[PDB]
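Position one of the sequence shown corresponds to residue 1 (the deposited numbering), numbered consecutively onward.
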Amino acid sequence: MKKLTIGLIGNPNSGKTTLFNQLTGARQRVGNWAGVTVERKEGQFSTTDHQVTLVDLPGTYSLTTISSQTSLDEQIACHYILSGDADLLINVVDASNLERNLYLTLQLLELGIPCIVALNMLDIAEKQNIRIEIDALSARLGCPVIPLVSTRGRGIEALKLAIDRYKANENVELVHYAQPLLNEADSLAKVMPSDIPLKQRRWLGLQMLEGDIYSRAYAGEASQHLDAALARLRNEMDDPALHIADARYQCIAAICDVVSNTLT
Numbered sequence: 001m002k003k004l005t006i007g008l009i010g011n012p013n014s015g016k017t018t019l020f021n022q023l024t025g026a027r028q029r030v031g032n033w034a035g036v037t038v039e040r041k042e043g044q045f046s047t048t049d050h051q052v053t054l055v056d057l058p059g060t061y062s063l064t065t066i067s068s069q070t071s072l073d074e075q076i077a078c079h080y081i082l083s084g085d086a087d088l089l090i091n092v093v094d095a096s097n098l099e100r101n102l103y104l105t106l107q108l109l110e111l112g113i114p115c116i117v118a119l120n121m122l123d124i125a126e127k128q129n130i131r132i133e134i135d136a137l138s139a140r141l142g143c144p145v146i147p148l149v150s151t152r153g154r155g156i157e158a159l160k161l162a163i164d165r166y167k168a169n170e171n172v173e174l175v176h177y178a179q180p181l182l183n184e185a186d187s188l189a190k191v192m193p194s195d196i197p198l199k200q201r202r203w204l205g206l207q208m209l210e211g212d213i214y215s216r217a218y219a220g221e222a223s224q225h226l227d228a229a230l231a232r233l234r235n236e237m238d239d240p241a242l243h244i245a246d247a248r249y250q251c252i253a254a255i256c257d258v259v260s261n262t263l264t
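Here is the structure:
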């Protein structure tokens, strides 16, 4: 009887649409996202405790662009995620490309939104001699990791159980950014719109320092101080955005080094 909203997000070709169809069945409506013709499909399903509305978000590899430009999918996903409309997210992860998918995963966890990872393509990974340590991954992410076992799925039943048990993510250490980057990002966050949570304002600060233009619309007055902050950081270190990317690759590489093993 309790209402609950979940956003479904993952990379393109992660199995997310198939999972959507499996969860909602015939209980779906299709429209378009506001102001664009990009399709917005959402549906309903029930758990033991909740009546769930599932919103299918457009596929994306990340919520940020530091190069290039247009991405209506990425702007829609980023805007919805930052709106706070969803009570939680299901992040569909391709097990056979775990390292690639964990960038988006890391962005969600750094935003601090309640998240359940749905681990998909397990059969492909296994046939390709890849095995993933689910509990090690969950320990490092601070959120549940559910293998989507297809046989009598069952995978969906485990997923619904986690939905009924959803809670805040654990405040684990994820990316280890340089302290000057953290300080300047915090100084930018402090001047952003007050109605935005502080974790999200700090994340936005780091993204602007990396050079994301998608965020700046959300950062309000912070955009007026970004050049002075960048000047200080450039005094502290060569290419601070490169330092950000290196920190991220380090984190993901370590996680994959522990979590992903050969079956044979």
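Every residue gets a Cβ at the ideal spot worked out from N, C-alpha and C, and that includes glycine.
| request: Check each candidate in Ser96, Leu182, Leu148, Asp164 and name the one with the smallest Cα separation from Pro240. | output: Locating residue 240 in the sequence shown gives position 240, counting from the first residue. Minimum Cα distance to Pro240 is reached at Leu182.
| field | Integer-rounded CB distance, given that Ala162 should sit under 8 Å from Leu122 | value | Locating residue 122 in the sequence shown gives position 122, counting from the first residue. Locating residue 162 in the sequence shown gives position 162, counting from the first residue. That pair is no contact at about 16 Å.
| query | Just curious, the alpha helix (DSSP H) that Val172 is in, first and last residue? | reply | Position 172 of the sequence shown, counted from the first residue, corresponds to residue 172. Element bounds for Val172: n/a, residue is neither H nor E.
| Per-residue DSSP class, three states only, for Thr5 | Counted from its first residue, the sequence shown places residue 5 at position 5. Strand.
| request: Would you identify the three-state DSSP class for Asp195, choosing helix, strand or coil? | output: Translated into the one-based positions of the sequence shown, residue 195 becomes position 195. Note: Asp195 maps to coil in three-state DSSP.
| field | Cβ-Cβ separation, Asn169 to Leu19 (assumed contact under 8 Å), whole Å | value | The residue given as residue 19 occupies position 19 in the sequence shown. The residue given as residue 169 occupies position 169 in the sequence shown. The Cβ separation is near 21 Å, so there is no contact.
| field | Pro58, enclosing alpha helix (DSSP H) - first and last residue | value | In the sequence shown, the residue the question calls residue 58 occupies position 58. Premise fails: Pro58 is in no alpha helix (DSSP H) and is neither H nor E.
| With respect to the beta strand (DSSP E) encompassing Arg100, which residues constitute its N-terminal and C-terminal limits? | Position 100 of the sequence shown, counted from the first residue, corresponds to residue 100. Element bounds for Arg100: not the beta strand (DSSP E) but the alpha helix (DSSP H), 98 to 111.
| field | Per-residue DSSP class, three states only, for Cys78 | value | For the purposes of this step, residue 78 is identified with residue 78 of the sequence shown, where counting begins at 1. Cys78 falls in the helix class under three-state DSSP.
| query | Roughly how far, in whole angstroms, is the beta-carbon of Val92 from the beta-carbon of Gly15, given that I think they are within contact range, below 8 Å? | reply | Along the sequence shown, read from residue 1 onward, the residue named residue 92 stands at position 92. Along the sequence shown, read from residue 1 onward, the residue named residue 15 stands at position 15. The pair is a contact, with the Cβ atoms about 6 Å apart (cut-off 8 Å).
| query | Are at least three pairs of beta-carbons, each pair with one atom in the region 193 to 210 and one in the region 137 to 146, less than 8 Å apart? | reply | no
| Would the beta-carbon of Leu174 fall within 8 Å of that of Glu99? | By one-based count along the sequence shown, residue 174 stands at place 174. By one-based count along the sequence shown, residue 99 stands at place 99. Not in contact: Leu174 and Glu99 (Cβ atoms no closer than 8 Å).
| message | According to DSSP, is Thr24 part of a helix, a strand, or is it coil? | response | Stepping through the sequence shown from its first residue, residue 24 is reached at position 24. Three-state DSSP puts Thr24 in a helix.
| task | State the beta-bridge partners of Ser46 as determined by DSSP. | result | Taking the first residue of the sequence shown as position 1, residue 46 is located at position 46. Per DSSP, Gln51.
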